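One chain follows as C-alpha cells, the form deposited in one PDB entry.
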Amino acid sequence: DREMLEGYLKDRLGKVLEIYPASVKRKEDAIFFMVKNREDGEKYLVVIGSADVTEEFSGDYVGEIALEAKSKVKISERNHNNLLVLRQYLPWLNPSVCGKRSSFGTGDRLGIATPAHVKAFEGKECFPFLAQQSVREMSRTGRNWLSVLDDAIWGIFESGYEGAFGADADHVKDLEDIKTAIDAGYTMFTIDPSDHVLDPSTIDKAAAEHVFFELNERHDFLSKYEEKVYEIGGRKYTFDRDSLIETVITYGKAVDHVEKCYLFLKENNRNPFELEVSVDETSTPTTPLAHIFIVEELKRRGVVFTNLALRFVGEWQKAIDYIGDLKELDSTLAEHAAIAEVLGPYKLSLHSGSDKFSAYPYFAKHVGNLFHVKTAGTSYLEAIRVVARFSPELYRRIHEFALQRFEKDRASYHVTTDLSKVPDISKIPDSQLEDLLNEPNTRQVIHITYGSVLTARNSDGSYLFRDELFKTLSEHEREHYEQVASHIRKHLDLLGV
C-alpha cells in the first residue's frame, strides 16, 4: 500500500511526506517516486531498491523496507546530478527532436508549471515543447538553460509522463548562448537575427543605399533573383527590382547572421537538433516575395531549418486577442502556406501566439499539421489569477507595483495598452480581483512586468513578492494546475488537435 510507505517515511523521518501516485516508476528491480512535504511544500526524490542503484544518488538513507530480499530507501534532493542519474534510469526523461509533426510550446517563466502543461496535452496528438524560455526571460528571472530544462524534467517526473517532449532554446542571438544551450542538451534552437533586421520605414534613403550596395557587391543578388519568376500554386511571384532591393536591405545581414549560427551548430552539436529561424521582428508584415527570398537564400547557403517564424499581417500584442481583418489574415496565410510547401516543406511558427484565439481556426486550416505556436506569458497570467484568488492582498501590492514599472518594462516591447482602461482597484472587492486578469490592459501590464516583480528587493534584502508568490502557488497546487492546464488546452483545442 501507498499509505504504509507514507507511514514508513513519517515514522522514520518525522515529516509528513505525501506521495504523488502518478510519479511512481519501476525499472529493473527499483522504484522511483516524488513526495511533497506538507509543512513547507518542498519536494523530494525517493529511490527504493538495490545496493548499487541507491548508491548513485546523493541522498540520506532511511533504512531497508521489506519489498514484495530487502530494498534500501534513499531520499534525495533534485539537484542537477541526481536528476541526471534519474534520466539515466528513466530514459524518457530526455528531450527529443520534434520533426514535421505539429507542436505547441508551453514556456514556464516560473519553473513550477510543467505538470499542468502535461495535463493540457493529455489525449492530444501534438508534440509538446515543455522546456522553453528565451535568453531575455532567463536574464530577467535569474535562470539558465540548465535550470529551465531541469525544472521541466522535474515537472514531467511529477506528472508521470513517459512520452516525447522538446526543449526550445528560445530567441537566441549570440553564439555563446547557443554553446551553453548545446551543453544543456536542448533539442531546438530558435535563432533570432533582429540585431541585423533593418526596418525600411525608419532609415534614411542613403543608409539603405549603402547597405544594399555592400550586400550586392558581396553576394550579387541582382543577377540571381532580379526578374526571376516563382509560380507557386495559382499565384506567380516576380522579383521586380525595387521589391528585391528592399527585401535585401531588410533581411540580408539577418540571413548572414542566421547562416553563421547554423554553421556554428553544425560544427559543435553532435547530438540531434532542429532549427527555427525567426523573422517575427519586422514591423511590416512579411511579404510573400520576402518569404521566398529568405527561404531561397537559406537553401542556397545549405541552411537546414524546420520552423520559419513569419511576421503575419495584423496585430500580435501580448496577452490579448488578434486584432485585424480576419479575411486578409486568411488569404495571406493561404499565400505563406502554399509557398512553404513548394519551397520546403517546413513548419510555420507563430511567435507571440498566446491567446490569439480568433486566428487559430485559420491557422489550423491552411497551416494544418505543420504549425508551431509559442506561449510563455499566459501561464504566468493564469498563475497571477490564482494568486489574486487566494492571496488578494499580495495581488493588490503586485498590481500597484506593476502599474509603476509598466513604462520602463514596456519600452523594451511594443504594446498599445490603454492605461485609462485599467480598472481602479481601491474599490474592487478582493473576491473580484482575479476577474481583472480578464481585462486586456491589466493583462498586458501584468504580462510584461514579470521580471520586476519576480526580482524586486526590499531595503533589508528581503524580496517584495517572489517568496510570497511561490508560497501561495505551492499551497494551492491543484488550483494552479487546473487553471494553467485548462487554458493551454483551450489553445490546443482551438488549433484542431
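For clarity, a rigid core is taken as the largest C-alpha set superposing within 1.5 Å between two forms. Numbering starts at 1 and follows the sequence shown.
The stretch of deposited sequence separating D460 from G461 contains no residues lacking coordinates in this entry.
Looking at mean Cα B-factors across 93-101 and 407-415, the upper value is held by 407-415.
Stretches 154-162 and 362-370 differ in mean C-alpha B factor, with the higher average recorded for 362-370. Highest CA B-factor among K327, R140, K173, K299, as stated in the entry: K327. Sorting the modelled residues of the chain by their CA temperature factor places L13 in the highest third.
Compared with the other modelled residues of the chain, the Cα B-factor recorded for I384 ranks in the lowest third. Compared with the other modelled residues of the chain, the Cα B-factor recorded for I65 ranks in the highest third. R87: CA B factor lies in the middle third for its chain, per the PDB record. Sort the chain's modelled residues by C-alpha temperature factor and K318 lands in the middle third, per the entry.
Absent from the display: the form deposited in another entry. The rest refers to it.
After superposition on the rigid core, the C-alpha displacement between this form and the one not shown reaches 2 Å or more for just one residue among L215, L175, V85, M138, namely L215. Fitting the two forms on the rigid core leaves the C-alpha of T202 displaced by at least 2 angstroms between this form and the one not shown.
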